[PDB]
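Here you get one chain, nothing else, as structure tokens; it is the form deposited in one PDB entry.
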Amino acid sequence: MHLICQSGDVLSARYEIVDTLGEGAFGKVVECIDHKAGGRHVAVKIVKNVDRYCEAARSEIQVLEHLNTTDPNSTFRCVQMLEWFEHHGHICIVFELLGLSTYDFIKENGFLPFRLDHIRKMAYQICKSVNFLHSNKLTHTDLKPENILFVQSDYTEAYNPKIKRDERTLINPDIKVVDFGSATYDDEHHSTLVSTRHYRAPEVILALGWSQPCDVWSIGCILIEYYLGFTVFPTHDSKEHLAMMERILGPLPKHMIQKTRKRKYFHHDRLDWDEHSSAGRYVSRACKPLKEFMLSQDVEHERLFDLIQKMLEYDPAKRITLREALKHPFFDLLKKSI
């Protein structure tokens, strides 16, 4: 794929590659001049030539045709697909050019968090966008900062020699949601494993079945990461992850522990976890009850953390819906009408 995504390459006799936007296991997204839309810059996702990502790209195209025609103005902030084509056996999906990922913005600023005013506007828009999927019988299943993008390059950046990086300052925080390659319809077959480790709901880890609510969990994990500049689930291990959940959120409901087939993780009705091992004291140091992550006691910080706690409810049957999230007091500030 190296061989077909260089600067100056022309795709479908119109898209001149100018830059790389993002890469991953799916393939590459490249910025192109479209010489047949008056020189408009667009994004083109060149999908890896592997059955998994070919199948995923066919699924994404069908999802985007549905969401795009259901919501032609993009009121619910899903990325607009322009068309798709084939380039040397690769599916290429053309989209409207968006800005930076929320992931790159935080990361390149040295893992410095978004301002609370920005998080409020971003959480609302993320909740509206994904609630739109929920209304149309879809679960995204892979919500993470990489897949939430600023609509625009609406920031300033200045080289700071003291820390030897550019710092970016957000002017406007408007986002869209990308990557519908995993999105699953209610009636379709449900993968066992879904989501990126740090963003995975407990009902996924425990293979108890999943729906819309696994998206709500992922959004909760996104919002705390936006507030802190890093994840509270920094792990590469499901058992460790569950141990971190116990220390941050309190103990798992017995019913979920007793029902799961993933019994390697447990012993009788507790996590099979050596608290007193090296690794166990490590997790205890990295972990404290959620509300202790709060950077202020100020009521608008309390309002965010109450929404985060409801999104990170263990029982997906009890977990807040995005319909209800959109009505949470944290968003009252956006509906100020004197």
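Rigid core (definition): largest C-alpha set, two forms, superposition within 1.5 Å. Start at 1 and count along the sequence shown; that's the residue number.
**Student:** Averaging only over Cα atoms, indicate whether 293 to 301 or 64 to 72 has the higher B-factor in the PDB entry.
**Tutor:** Mean CA B-factor is higher for 293 to 301.
**Student:** Report the stretch with the higher mean CA temperature factor, choosing between 241 to 249 and 172 to 180 on the basis of the entry.
**Tutor:** So the stretch with the higher mean C-alpha B-factor is 241 to 249.
**Student:** Could you tell me which one of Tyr185, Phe114, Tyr124, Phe233 shows the highest CA temperature factor in the PDB record?
**Tutor:** Going by the entry's C-alpha B-factors, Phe233 comes out highest.
**Student:** Taking the Cα B-factors listed in the entry, which of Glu31, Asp34, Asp306, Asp272 comes out highest?
**Tutor:** The listed residue with the largest C-alpha B-factor is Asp272.
**Student:** Would you mind checking where the Cα B-factor of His41 ranks among the modelled residues of its chain, as the lowest, middle or highest third?
**Tutor:** Within its chain, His41 is a lowest-third residue by C-alpha B-factor, going by the deposited values.
**Student:** Split into thirds by Cα B-factor across the chain's modelled residues, where does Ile17 land: lowest, middle or highest?
**Tutor:** For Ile17, the deposited C-alpha B-factor lands in the middle third.
**Student:** Sorting by Cα B-factor within the chain, modelled residues only, which third would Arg120 end up in: lowest, middle or highest?
**Tutor:** Lowest third - that is where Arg120 ends up once the chain's C-alpha B-factors are sorted.
**Student:** Split the chain's modelled residues into thirds by Cα B-factor; is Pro316 in the lowest, middle or highest one?
**Tutor:** Lowest third.
**Student:** In terms of the chain's CA B-factor thirds, is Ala25 lowest, middle or highest?
**Tutor:** For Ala25, whose C-alpha B-factor we compare with every modelled residue in the chain, the answer is the highest third.
What follows is about the form deposited in another entry, which we do not show.
**Student:** Of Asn136, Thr235, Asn160, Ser74, only one moves its C-alpha by 2 angstroms or more between the shown form and the other one once the rigid core is aligned, so tell me which.
**Tutor:** Single hit from the list, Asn160.
**Student:** Note whether the distance between the C-alpha atoms of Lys164 and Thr20 decreases (closer) or increases (farther) in the other entry, against the displayed form; the change is 3 Å or more.
**Tutor:** Compared with the shown chain, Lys164-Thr20 is farther in the other entry.
**Student:** Looking in the other entry, are the Cα atoms of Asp166 and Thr20 closer together or farther apart than here, the change being 3 Å or more?
**Tutor:** Compared with this form, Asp166 and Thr20 lie farther apart in the other entry.
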